[PDB]
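Here the protein sequences line up with chains A and B, keeping their order.
Heads up, the first sequence is in our numbering, so the first residue is 90 and it goes up one at a time.
Heads up, the second sequence is in our numbering, so the first residue is 936 and it goes up one at a time.
For reference, the structure discussed in these notes is given below.
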Amino acid sequence: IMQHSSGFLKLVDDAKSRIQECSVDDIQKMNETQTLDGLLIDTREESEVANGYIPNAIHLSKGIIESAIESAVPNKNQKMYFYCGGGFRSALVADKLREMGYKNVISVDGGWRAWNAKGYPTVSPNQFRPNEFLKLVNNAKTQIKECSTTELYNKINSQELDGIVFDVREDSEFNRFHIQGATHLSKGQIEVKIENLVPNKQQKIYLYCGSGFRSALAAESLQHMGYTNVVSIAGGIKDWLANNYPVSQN
Amino acid sequence: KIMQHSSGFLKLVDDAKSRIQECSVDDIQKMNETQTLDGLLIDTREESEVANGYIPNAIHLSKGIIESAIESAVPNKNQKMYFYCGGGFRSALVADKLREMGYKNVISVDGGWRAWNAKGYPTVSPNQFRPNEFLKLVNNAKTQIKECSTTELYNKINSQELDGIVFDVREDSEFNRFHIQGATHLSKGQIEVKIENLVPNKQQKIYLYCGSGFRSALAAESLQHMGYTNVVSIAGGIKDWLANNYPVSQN
Ligand SMILES: [Mg+2]
Ligand SMILES: [Mg+2]
Ligand SMILES: [Mg+2]
C-alpha cells in the first residue's frame, strides 16, 4: 500500500496530460502472443527489480535513464513502454524522454501493482537463464570434440602441444590476458579468416573462450567449413584460471 | 577496404542468406533521414572496426558475443532488429543464428558498411558522440537552480556548520559502494515520491549530490516544481569531491 503525497501527484498529473498510456492488459496480451512491439523498460530501483519483474522487461531506472538513453537507445523513433511500481514514476519518465525527442513512448497505467493485482506472470532475477543460447551451445557440443583445460595445459607444459591454439574472445578480453602463445582470432572473424590462416583443413586446432560456450559454437561452424580436427576447450579460460593455470599479457 | 573472401566462408553465408530477410543500405538511410527507423540497428563488427566509425542510430553487439548476450540485452523475441557488418556477409550469419534462437523479426543489411560508404552516406565517429539531449536538460536545470561547490559543502560539514539535509541521489549500488559521510540515500528515481514525508518543510535547506552534478541538477529542478525553495545541487558531484581528496564513507 503506497501513500503518495499531493505534490508528487501534481507532477504526475501534469506528465500524464502529455504522454500516452496503455493498460497492463495490453502488455500481457502482447507478451502471451509474442507480439510485443517495443522495448519494455522497468524504471524501478535496483532493489525493487531484485524482487521480480515483468516478462520481456529490461532495466533502466528513472534515476539514470536521461543520462543513459542516448547511448543505450540512440534511435529517437524507438517505441518504448515504461512501467514502475504504480504507473506514476513511469509517467514522469515517459514525459522527460518525450521532452528529449523520444516521442514513441508509452507509460503502463497501474504499473507493477496493477500487474500483480490481476495475477499476471512474473519472473525473478535468480530465475533468468539464457535458455536459447545454452540450447545452441549444447547443440554444438554434441557435434564437436572437447578437451579439458587440464589436458591442454599438460600438453603445453610437457612440450607436446599438438595443435594451434586460438583465443576466440573479443579484442578487449584477449588484450587483458590470454593463454601464453595463443593466437587471437575472434569468433566474429574466425570464419572470414580461417581459410587464409589455416588452409590445411585437417590441421589440429584448439579454440577457447571465456567459458567453453563461444568456442563450441565457433568449432561447430568450422566443422561446417570442412575442418575435421577442431577441439573446443571445455570450461574456457574461467576453468583454466580456476585450476590456477597461468595467463599472460602482451 | 578490398576484401578477399574465401569460398568456404561464402558457402556458409549463402546458406544463411537463404533463410533470412535482407534490406538495402538505402532503406536504412531513408529511415534514418526521416526519423522512421523501426527497429534496433545493430553493428556486429569487431571493437577495432567500430572504433573507426559506424552508422547513425547504431548500437554495438559483435558477432562474437551476440548469441551469449541477446537474451539478456533484448529479451523480446518479437523485437525488430537490423544487423550490419563490413559487407553484408557476417551480418547474415548473425541474423540466421538469432532466427535459429527464436528471434524471427531480423533483417540483414545487404552490402553493409562497404555499401554504406560507397554511396557516401553519413557516418559517426565514436569520439563524436555526446549525449546532447541529456546535456541540454542539465543546462536547462542549472539555469533555474542554486549550486555550491564540493569545498563549500566539505567546509560546512567540518565546521559543524552544516545547514541542510544532504541526499545522495545516485543508485543503490553507487551509494552502497561509498558516499559522503552522513548523507541519506534518496535516489533520483524515488526523490519526488519520498521528499514530502522526509522533508515536510519546503523551505528547509536541502543539498543534493550525484556522481557529476548532472542528476542532482535535474533532481533539484524537479523539487523546485514541487515548491521547495532552498534546494542546492553540489556542482561537480562526488567525482569532484574525490578530485579534491575529500574522504568518503561506507555504511
Ligand atoms: Mg547448427
Ligand atoms: Mg523543465
Ligand atoms: Mg552512511
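Just so it is clear, CB atoms sit at the ideal spot from N, CA and C, and this is done for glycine as well.
Between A161 of chain A and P214 of chain A, the gap from beta carbon to beta carbon reaches 8 Å or more. Not one heavy atom of ligand 3 is found less than 7 Å from the C-beta of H940 of chain B.
Around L125 of chain A, the beta-carbon contacts reaching into chain B at under 7 Å are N1011, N1013.
Interface annotation for the region 291 to 310 of chain A against chain B: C298, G299, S300, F302, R303, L306, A307, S310, criterion Cβ-Cβ distance under 9 Å. At a cut-off of 8 Å, the C-beta of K952 of chain B has no neighbouring C-beta in chain A.
Secondary structure at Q956 of chain B: strand, using DSSP grouped into helix, strand and coil. Within chain B, the residues placing a beta-carbon under 7 Å from that of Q278 of chain A are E981, ordered along the chain. When DSSP states are grouped into helix, strand and coil, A146 of chain A belongs to the strand group. Chain-ordered, the chain A residues with CB closer than 9 Å to the CB of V1104 of chain B read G152. Chain order gives no chain A residues near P1061 of chain B, where near means a beta carbon separation below 7 Å; the closest approach is about 11 Å. Residue pairing by DSSP places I1100 of chain B opposite B:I1141 in a beta bridge.
If you check the C-beta of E1156 of chain B against ligand 2, you find a heavy atom less than 7 Å away. When DSSP states are grouped into helix, strand and coil, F177 of chain A belongs to the coil group. Beta-bridge partners of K1081 of chain B (DSSP): B:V1167. For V197 of chain A, the enclosing beta strand (DSSP E) starts and ends at 194 to 197.
Within chain A, the C-beta atoms nearer than 9 Å to that of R1025 of chain B come from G277, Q278, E280, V281, in chain order. Inter-residue distance for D184 of chain A and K105 of chain A is about 8 Å (C-alpha atoms, whole angstroms). Where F1149 of chain B is concerned, the enclosing alpha helix (DSSP H) starts and stops at 1149 to 1160. In terms of beta-carbon proximity, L976 of chain B lines the interface with chain A, with at least one pair separated by less than 8 Å. By the C-beta density criterion, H1114 of chain B is buried, having at least 16 other C-beta atoms within 10 angstroms. Taking non-hydrogen atoms of ligand 2 into account, the C-beta of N220 of chain A is found less than 7 Å away from none of them.
Contacts between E1068 of chain B and chain A, judged by CB atoms closer than 7 Å, involve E159, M189, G190 in chain order. Residues of chain A with a Cβ closer than 8 Å to the Cβ of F1110 of chain B do not exist, since the nearest Cβ in that chain sits about 10 Å away.
Across the structure, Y191 of chain A and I963 of chain B are spaced so that their CA atoms are roughly 19 Å apart. Scanning chain A for C-beta atoms nearer than 9 Å to the C-beta of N1132 of chain B yields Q92, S94, reported in chain order.
If the five residues before and after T272 of chain A are omitted, its C-beta is found closer than 6 Å to the C-beta atoms of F255, all from its own chain and listed in chain order. For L330 of chain A, there is no enclosing beta strand (DSSP E); the residue is part of the alpha helix (DSSP H) that begins and ends at 325 to 331. Taking a Cβ-Cβ cut-off of 7 Å, the neighbours of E1002 of chain B in chain A comprise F222, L225, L306, given in sequence order. Residues of chain A with a Cβ closer than 8 Å to the Cβ of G1162 of chain B are, in chain order, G96. With fewer than 16 other beta carbons inside 10 angstroms of its own, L286 of chain A counts as exposed.
Closer than 8 Å to the CB of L996 of chain B there is not a single CB belonging to chain A. Counting C-beta pairs with one atom in each stretch, the region 1051 to 1071 of chain B and the region 140 to 150 of chain A have fewer than three that are closer than 8 Å, which means they do not touch.
If the five residues before and after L241 of chain A are omitted, its C-beta is found closer than 7 Å to the C-beta atoms of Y295, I322, all from its own chain and listed in chain order. Rounded to the nearest whole angstrom, the CA to CA distance from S1151 of chain B to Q1159 of chain B is 12 Å.
Between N318 of chain A and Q291 of chain A, the C-beta gap is smaller than 8 Å, which places the two residues in contact. With respect to chain A, the C-beta atom of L947 of chain B has a partner C-beta closer than 8 Å.
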